[PDB]
């Protein structure tokens, strides 16, 4: 089968062409401070494999790596770039990233190596990474001959696949989306990950001790209320205790057995004192195992920072996801969990954390996209959207809106930006579905523009096969035509929701790029640390706070121009917690 290449033992001029497919291979899943196991270059002059100890010590090669006028095509350039940052080497001039290109063409493909991306264009002369490296325990770097040929075949595939991928992006009007949004974002994310977020480990350990005391006693409480010891963390054992030893009523099931989810438990609370205690235990136990212990496990003892990996090509909506640690689900809603954010601190003395977030970006996008007159006016008035929605669907004045009316209108708003559900709304408010349905319908006569939009987008998904965001991100919806009701329903919701959630994703991505540019133009030391779907988190010298208070919201509000304002709130403080 054998692909021919040069197994180079030193860098030559012809390897430094100003157009090349480049592979800088990091086999470790978590690429932070990870080995680079080999390098492949394919250009007009040939195909090359270089050992990294040689390549990365060659001044000419390193200068080439960092020369922006030397264009590279790659796959997961962020992976390579971060790995090089940790070695003090800058990667530049990446003009095409095959992973991001695949992602934009079809985020449902699940492309996670060069092979998977190559298959989209009938190119199969490259092996899947799994086949070469193995899976799980037996994952391993193979001897040099196998390694080098694998990396050269990936480089060769990248070299061949650029043009067909760019052609399709162009036909999709997604060329600018790749070149001007996702790829520049990828460098910014690479900076963010490398910078990391400093963690006060002493505070976490302290909070851990406080948890363990409480846990230890709630645990003991549960045992005497059950008159038995058992694993409270096993939903099956818990199910036996609750529903068999303590003959509690079964109000919901899982397919494996009894449901012990928190929504059920709340309903069981009037029956036995053990239910509130299990609930506490769950709350405290979640914080202990995931946010205390989980977090301390991934803080790097060298930097005392956590270095997340943002997955830029994973979600079907265009959102990022965040791993090891996941910094997009740090507690905020309940106070004792919110206290976790006290452990996230600036990375230097007399710096502060700065957080800015969009207020209701999704509903604002819906207003713009549906051109709903009522919804648009509400935001031009900067109304409380939940109170307005309560006024409208209950046909009452502002003074007549009760907290509970507001809470239900809130829930409809939540559900509306996730494509109603009829039944799902019912679950959230525990009402009946007929009840839930006529809230939904009362919504649609308050907002005929949104109704019209929901109907229009569903027909469009049917006729085209996909739906589109503001900046031309795509999601294919094959199930929109399915004869199975449930399946067809999910697809319909996605058709409604994806232009909403996806356009919000577009906007905050552009904002990140606009921000990064402005900060550098202003020569500020401030830099991005994290993004949480609708929220940007920075750190900077305390001396830069007042400028940032104007700069960051301006950038975020002006990222796109919609038929309604975008509104951004901001706070800063000594810790992430205090930035509220």
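Residue numbers count along the first chain shown, from 1.
J.: For residue 252, do at least a third of the other compared PDB entries give no atomic coordinates?
T.: Residue 252: modelled in every other compared entry.
J.: With respect to the recorded C-alpha B factors, which stretch has the higher mean value, 98 to 106 or 288 to 296?
T.: For C-alpha atoms only, the mean B-factor is higher in 288 to 296.
J.: Read off the CA B-factors in the entry, average them over 269 to 277 and over 311 to 319, and name the higher stretch.
T.: If you average the C-alpha B-factors of 269 to 277 and of 311 to 319, the larger mean comes out for 269 to 277.
J.: Whose C-alpha has the highest temperature factor in the PDB entry: 366, 390, 222, 83?
T.: Comparing C-alpha B-factors across 366, 390, 222, 83, the top value belongs to 222.
J.: For the listed 76, 373, 90, 263, which has the peak Cα B-factor recorded in the PDB entry?
T.: Result of the comparison over 76, 373, 90, 263: 263.
J.: Please rank the C-alpha B-factors of the chain's modelled residues and tell me whether residue 19 sits in the lowest, middle or highest third.
T.: Lowest third of the chain for residue 19's C-alpha B-factor.
J.: Would you check the entry's CA temperature factor for residue 54 and let me know if it's in the chain's lowest, middle or highest third?
T.: Its C-alpha B-factor, which the entry lists for residue 54, ranks in the highest third among residues of this chain.
J.: Pull the Cα B-factor of residue 453 out of the PDB entry and bin it into the chain's lowest, middle or highest third.
T.: It falls in the middle third of the chain.
J.: If you rank every modelled residue in this chain by C-alpha B factor, which third holds residue 574: lowest, middle or highest?
T.: Its C-alpha B-factor, which the entry lists for residue 574, ranks in the middle third among residues of this chain.
J.: Using the B-factors in the PDB entry, rank residue 328's C-alpha atom against the chain and give the third, lowest, middle or highest.
T.: Middle third - that is where residue 328 ends up once the chain's C-alpha B-factors are sorted.
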